[PDB]
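Novice: An experimental structure, sequence included, is below.
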Amino acid sequence: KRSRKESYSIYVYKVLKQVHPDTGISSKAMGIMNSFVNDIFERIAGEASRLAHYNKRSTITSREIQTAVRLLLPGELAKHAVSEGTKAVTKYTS
Amino acid sequence: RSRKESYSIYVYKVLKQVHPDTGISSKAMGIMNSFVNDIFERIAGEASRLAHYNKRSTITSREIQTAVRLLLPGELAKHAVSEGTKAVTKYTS
Amino acid sequence: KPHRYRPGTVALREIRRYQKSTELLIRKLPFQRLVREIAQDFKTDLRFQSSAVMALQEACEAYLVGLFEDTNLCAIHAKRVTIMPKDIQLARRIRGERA
Amino acid sequence: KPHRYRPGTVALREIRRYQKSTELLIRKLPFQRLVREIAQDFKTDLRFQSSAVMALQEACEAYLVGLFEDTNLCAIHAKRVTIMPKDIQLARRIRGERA
Amino acid sequence: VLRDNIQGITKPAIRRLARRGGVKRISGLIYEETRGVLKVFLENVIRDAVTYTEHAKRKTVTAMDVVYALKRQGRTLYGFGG
Amino acid sequence: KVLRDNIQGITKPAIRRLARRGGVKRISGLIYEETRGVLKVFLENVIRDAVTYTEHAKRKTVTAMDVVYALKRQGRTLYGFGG
Amino acid sequence: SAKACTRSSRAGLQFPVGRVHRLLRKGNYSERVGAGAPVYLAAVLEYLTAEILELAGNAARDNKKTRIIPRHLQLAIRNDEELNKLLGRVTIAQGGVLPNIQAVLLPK
Amino acid sequence: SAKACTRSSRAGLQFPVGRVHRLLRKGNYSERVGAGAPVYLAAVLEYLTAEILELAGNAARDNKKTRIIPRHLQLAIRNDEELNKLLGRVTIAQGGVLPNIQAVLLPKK
Amino acid sequence: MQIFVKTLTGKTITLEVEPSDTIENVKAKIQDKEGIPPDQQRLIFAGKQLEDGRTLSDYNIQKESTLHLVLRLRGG
Amino acid sequence: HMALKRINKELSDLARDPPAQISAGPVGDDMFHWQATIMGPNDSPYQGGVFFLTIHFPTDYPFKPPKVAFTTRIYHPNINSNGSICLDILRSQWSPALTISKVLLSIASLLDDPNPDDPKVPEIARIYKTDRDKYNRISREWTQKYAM
Amino acid sequence: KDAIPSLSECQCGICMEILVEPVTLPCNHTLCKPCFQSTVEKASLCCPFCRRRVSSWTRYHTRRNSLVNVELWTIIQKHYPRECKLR
DNA sequence: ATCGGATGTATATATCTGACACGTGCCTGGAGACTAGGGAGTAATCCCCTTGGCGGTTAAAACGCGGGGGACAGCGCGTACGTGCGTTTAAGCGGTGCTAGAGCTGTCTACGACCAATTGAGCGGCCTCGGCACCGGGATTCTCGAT
DNA sequence: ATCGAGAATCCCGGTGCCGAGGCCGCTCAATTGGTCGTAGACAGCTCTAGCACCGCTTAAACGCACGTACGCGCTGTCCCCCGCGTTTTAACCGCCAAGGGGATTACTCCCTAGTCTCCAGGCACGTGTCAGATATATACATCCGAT
Ligand SMILES: [Zn+2]
Ligand SMILES: [Zn+2]
């Protein structure tokens, strides 16, 4: 058998089931969603790495990702994304 | 204090090598520093991505050569490739 | 006596039909042959995956659709309904593709 | 009896003179005050280095020069020497700045 | 050897593309300019893809290479990988 | 220390001079109100990015480095001011 | 949160956290990666995916279909404002274009 | 080579090679850095700088000045066909613009 | 003998085993006196992980020894 | 604050209508701390088993879920030896609408039948799945050891 | 709607109090502004009763400043003024 | 078709000043020698799939023709902008006072890198049934020549 | 202003098909537990320059009057895409056959990260001086009403 190939299929399907319980999704939409997730991940991580290199630091804390999300996304989406990330961080640590 | 390195002496040496009887002001010197940094960052980023694409973990000479071929236009790319190949060949022996 | 539509009143119907559809608009074999010749210009004896040709066709279609939208807008700005090549050169010059 | 130039020659002379020069064309204090007003909205009690203000002024001047070049091209395309706000809007929309 | 395939893009095909774009009346000189600009775009993208294939020590192009070639130029493409 | 009605500081002769550099031979009378709005929007974007950059670094004074970085991010790369 | 349970469940997310952490470390973005960054990044990704999926599902229900196809994604992305600005450059395969006819071309 | 002189002079260059190697290693671009890459990068950078400097020097000599100011750099970059495409998005500070006027706006005969 | 085992909960338990007693008998005694499932225990003597192959005589446990218990369990 | 008033309405609600086999009361002076008892349902392997559990309320209620802990020891695949409870409603779908009565009745319902899909303890869950009689007898001896 | 509202239905489903600055969700559920303004950052960003995401509607209405309903606020304050004044 | 103001721009010469080119102390980063282990080059082998080909068949492309609508050239107008000049305004430049805050340094504590055992989340291969596509029929709705 | 006939489009029902969601088996990567060098958080000190103020210029800005050229609307003419019909062409689908090269595993060797030690190359600092900006005074290209 061929080697494993990682993908974000399961998680996208789970989120879709959480939003619209009775709605399915096709394979081409899965490819599009996987590409979109990879694109956003690379953009955010690259911006965070660049910004951490600007201030002469070696670690990428949550603050760098927060600022990268504040920069890349439009303001209205940035506010909600920052709120969601702050939730996730404050709920994970306790 | 602190030390702020730059590409000053090398650019001045190249300028003297090309035009033996000319000079360069400070503002143009900073412009040259910024341009060199920009080109270096572009080439390094492209080479790093090329190395990551093929499941490789090193940056050999051919990665830099392919990045140069991609970024620069035709004649510039050909001349830069020739110059780099000559430099590395003269360096290895 | 035979029924004939007014000049230009079926172009609107064609627009309304095509902007609703999502299929490809260029025949597969001619575009594939064009891609093959352009490729073999650079290097001899290449082999193309089908998905690669499909991606190339999709990119070309999207680019041409955008260019035609901007060209139509230029033509309407010039107080015209037709589109002429000078509109295409103006759109390319402003977009910076040619400059 | 008084000697005055035909309307238009002075404009050409100013264009020729200004395309040769390289200094800045917006007064320093008004631009600094405008930058401070814009900045104080996002965060209060900020302080600006002089080099930052100069960089902002340079970038703004270059961007406006490019926009005016494109606007003049749009105006000349429609058989009009004069430029109009519709030309600016068309240039910005085609460049994708407003979308 | 293959040649004169640029004529494969027929006039009705460009007409349909323009109709999707949103034009109502097309002059008779659009077709040659459209062929020229399409050829230029294909030349650029295919050259980038062929260079990407060359760097990988392979003698066949892959849709993945074309996707990255499009991404480098600033025209990202979804639905084919990446 | 409030600031009001200051966008008008970009006078009519200044915009005329900028257009003259651009290559404009005859300017209408409605340009001088559109140009101020365009400049305000562009400056708003650049200043927002620069203020975010100086907010991350825990500093109270912006720097030419932050402005250069914001301009490079927005696509308008700038030379001769550091970097 | 309690220990000895999966991190994705500890943080309440759906997207994986360990996978994001591994990608951050081995993707050559920095020498060191914090422990809290993957949680934040996965949360942002999940929020964006949920938003776009909800819009696509609403469009598909409006189109009287039960499965989301790329045309629904194109409609959801372009109809919204912030999402359109974020995804202005990307091209959706087989997505089509929005119906737009200039008022001048319409018959009078 | 003889493996006796400094690395920069060993390759017959003027740009440093040790600095390029350090920047490549510590600039978190990849886990490992090859031995020959920095020489290639330094050569490319030197050659590009050489072209820009010679074009600026020519533009300054045509102006009857012995110093290269940013205006000369702008003229050299904009006039050359390939360099303009390479540096299309760059904004040179105090560089000005190339002088041109559309043929329509010239005075009528 | 008498062996004291300190757990992560601070519970004091004393076991009476023999040097010749095998690990199976010790685990049976643990099951009888505690009821905790056997798969959840890998014990540590002087920083060495215990293996059921060797008996207690090989270790030669000294009198009044403190025993530490750690092992990964899914569910917390 | 608002949490205190909400607790007041909820205590009045539980006082006016007592759930079957369920009683809740504040053992400590602080209103956030609570104690409750669970009685083994008739249609369950547990018979005549009564257990005591403690409830801790966060600073903000019902925005954050309460924490429930089992002081007594129960042998169950979904309950650890320490007494922690792994429940979906407790963390995944906690909502301000849900109340303490509902979460306790849900705990009782899960106590009726283990869920192998999300096993808190893997070995106990799998040995439960393999054979009914083994789990039945181990649960019986454990509940006579602890519950009675 | 419901020009003759009962006092029992005016209770907020969360804090059990008379509605203050009501906000109506697309699921036609009404609750006081503090409850929603809290649950948007410290709850699952979904309707507590319906359990479905409302991110898009909230995102669109936040910029438009159309969260509040003037008609329901007015009818509540005129029908039950003494509960509003004590707040 | 130029003619002579009238203007602005180009050109020749003294001068003096502040930035540019260069000398110098030195210290931090670059160079030289040895080790080891993991990454990368090389060889052998599988089988996926991409190229090549023949036959049907038929939707799409090519050619021709009538003509209605649109692009383009010419004319007239009145109004908005270019040009010039007197007047009010605030940028511009020098000099000074100061302190908020950038920037460097010494400690050390808590966050993150590293490594082995382990098993459960997640991927590959199968399978079936329902949602979607195709076709036949009818109801509904723009459209245009003639009133 | 409209009627009505011809043509395109939208609904509804029936039938068939194939891929999407669920399931089972398995291999590998995330968890956990513990250990240890170090990253940066914090407190403290230094000294740079960004802010605010003052006063004296005179350069750019402002408002007004006048004239003109050009943006806009209107009208007329020709010609060229459009819509339709008829015919020729190759795209498309199905089918078969082959072997080239992508992809995988196993093996070996050598390139480079790491460590330590030693030393000179570039950096901050200071100094002399001449290139170019400034002022002043001629000489020539260019524009404008009118012969
Ligand atoms: Zn409430
Ligand atoms: Zn709801």
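Specialist: Great, that's in hand. Residues are numbered from 1 along each chain as shown, chains lettered A, B, ... in the order given. Ligands and ions are numbered 1, 2, ... in the order given.

Novice: CA only for contacts and neighbour counts going forward, please
Specialist: OK.

Novice: Go through stretch A:77-94 and flag the buried ones.
Specialist: Under the neighbour-count criterion of 16 or more other CA atoms under 10 Å in any protein chain shown, stretch A:77-94 has A:77-78, A:80-89, A:91-92 buried.

Novice: so which of those are also by chain K?
Specialist: Restricting the buried residues of stretch A:77-94 to those touching chain K (CA under 8 Å from any CA of the partner chain) yields A:77, A:80, A:83, A:84, A:87.

Novice: from those residues, which single one is nearest chain J?
Specialist: When these are ranked by distance to chain J (CA to the nearest CA), residue A:87 comes first, at 11.7 Å.

Novice: and that closest one, what does it touch?
Specialist: Listed by CA atoms under 8 Å, 6 or more residues apart in numbering or on different chains, the contact partners of residue A:87 are K:41, K:42.

Novice: Residue K:45 versus that one, what's the distance?
Specialist: Here residue A:87 is placed at a distance of 11 Å from residue K:45 (CA to CA, to the nearest Å).

Novice: which SSE is the most centrally placed residue in chain C in?
Specialist: Central residue of chain C (CA atoms, centre = their mean): residue C:64, 3.6 Å from the mean position. If you go by DSSP states H and E, residue C:64 is part of helix C:50-77.

Novice: Point out the other helices and strands that that helix packs with.
Specialist: Judged by 3 or more CA pairs under 8 Å, 6 or more residues apart in numbering or on different chains; DSSP states H and E, helix C:50-77 is in contact with helix C:28-42, strand C:82-83, helix C:85-95, helix E:11-21, helix E:30-55, helix E:63-72.

Novice: hmm, back to that, which one among the buried residues of stretch A:77-94 gets closest to residue K:34?
Specialist: Distance to residue K:34, by CA to CA, is smallest for residue A:83 among these, at 16.6 Å.

Novice: What strand or helix carries the closest one?
Specialist: Using DSSP H and E, residue A:83 sits within helix A:75-92.

Novice: That helix near DNA strand M anywhere?
Specialist: No. Residues of helix A:75-92 contacting DNA strand M under CA under 7 Å from any atom of the strand: none, with a closest distance of 12.3 Å.

Novice: Apart from its chain neighbours, what residue comes closest to residue E:71?
Specialist: Once flanking residues are discounted, residue E:71 sits nearest to residue E:77: 7.0 Å by CA to CA, 6 or more residues apart in numbering or on different chains.

Novice: next one: residue I:14
Specialist: Nearest non-adjacent residue to residue I:14, counting by CA to CA, 6+ apart: residue I:4, 4.7 Å away.

Novice: May I have the phi/psi pair for residue K:24?
Specialist: Main-chain torsions, residue K:24, degrees, to the nearest 10: phi -100, psi 120.

Novice: which residues does the nearest residue in space to it that is not next to it in sequence contact?
Specialist: Sequence neighbours aside, residue K:30 is the residue nearest to residue K:24 in space, at 4.5 Å (criterion: CA to CA, 6+ apart). Residues in contact with residue K:30 (CA under 8 Å, 6+ apart) are K:12, K:22, K:23, K:24.

Novice: For residue C:41, state which of the residues you listed is nearest.
Specialist: Proximity of these to residue C:41 (CA to CA) peaks at residue K:24, which lies at 64.3 Å.

Novice: and the closest one, how many neighbours?
Specialist: Number of residues near residue K:24 (other CA atoms under 10 Å in any protein chain shown) recorded here: 17.

Novice: OK, contacts around the residue nearest to the spatial centre of chain A?
Specialist: By CA atoms, centre = their mean, chain A has its centre lying nearest to residue A:41, at 5.4 Å. Counting by CA under 8 Å, 6+ apart, residue A:41 makes contact with G:41, G:45.

Novice: before we move on, back to that, from the contacts of residue K:30, which is closest to residue E:5?
Specialist: The nearest member of these to residue E:5, counting by CA to CA, is residue K:24 at 61.8 Å.

Novice: In this structure that closest one contacts residue K:31, no?
Specialist: Yes. Counting by CA atoms under 8 Å, residue K:31 is a contact partner of residue K:24 at 6.9 Å.

Novice: Mind listing residues that contact the biggest helix by length in chain I?
Specialist: Counting residues, the longest helix found in chain I (DSSP state H) is helix I:23-34. The list of residues contacting helix I:23-34 from outside it, by CA under 8 Å, 6+ apart, reads I:17, I:36, I:37, I:38, I:52, I:53, I:54, I:55, I:56.

Novice: Check stretch G:88-99 too.
Specialist: Residues from elsewhere that reach stretch G:88-99 (CA under 8 Å, 6+ apart): A:32, C:16, C:19-24, C:58-59, C:62, E:74-80, G:70-75, G:78.

Novice: Let me see the contact set for the most centrally placed residue in chain G.
Specialist: In chain G, the C-alpha nearest the mean C-alpha coordinate belongs to residue G:49, at 3.1 Å (CA atoms, centre = their mean). Residues counted as contacts of residue G:49 (CA under 8 Å, 6+ apart) are A:12, A:15, A:33, A:37.

Novice: That one belongs to a strand, doesn't it?
Specialist: No. Judged by DSSP: H, G, I helix; E, B strand; the rest coil, residue G:49 forms no part of a strand; its state is helix.

Novice: Need phi/psi at residue J:63.
Specialist: Per-residue torsions, residue J:63: phi -70, psi -40 (degrees, to the nearest 10).

Novice: That one against residue K:43, yeah?
Specialist: Yes. Counting by CA under 8 Å, residue J:63 does reach residue K:43; the two are 6.4 Å apart.

Novice: Return every residue with contacts to both of those two.
Specialist: Counting by CA under 8 Å, 6+ apart, the contacts common to residue J:63 and residue K:43 are residue J:95.

Novice: closest point of chain A to chain H, which residue?
Specialist: For chain A, CA to the nearest CA, closest residue to chain H: residue A:53, 8.5 Å.

Novice: Which strand or helix spans that residue?
Specialist: Under the criterion of DSSP H and E, residue A:53 resides in helix A:27-54.

Novice: and that helix, does that touch DNA strand M?
Specialist: Yes. Using CA under 7 Å from any atom of the strand, helix A:27-54 comes into contact with DNA strand M via residue A:27.

Novice: That helix: how far from the chain's middle?
Specialist: 7 Å (CA atoms, centre = their mean, to the nearest Å).

Novice: Direction included, what does the following helix or strand past that helix pair against?
Specialist: Heading C-terminal from helix A:27-54, the first helix or strand you meet, by DSSP H and E, is strand A:59-60. Paired with strand A:59-60 in the same sheet, following DSSP bridges, are strand G:32-33 (parallel).

Novice: tell me the contacts of residue 38?
Specialist: Answering for chain A, as no chain was given. Counting by CA under 8 Å, 6+ apart, the residues that residue A:38 touches are residue E:82.

Novice: my bad, the chain I had in mind was chain I
Specialist: Neighbouring residues of residue I:38 by CA under 8 Å, 6+ apart: I:27, I:31.

Novice: For the residue nearest to the centre of chain C, give its distance to residue D:53.
Specialist: Going from residue C:64 to residue D:53 by CA to CA gives 42 Å.

Novice: now, which of the buried residues of stretch A:77-94 sits nearest residue D:77?
Specialist: The shortest gap between residue D:77 and any of the buried residues of stretch A:77-94 belongs to residue A:77, at 39.4 Å (CA to CA).

Novice: how many neighbours does the nearest residue to that closest one once chain neighbours are set aside have?
Specialist: Nearest residue to residue A:77, sequence neighbours excluded (CA to CA, 6+ apart): residue G:82, at 6.8 Å. Neighbour count for residue G:82, taken as other CA under 10 Å: 19.
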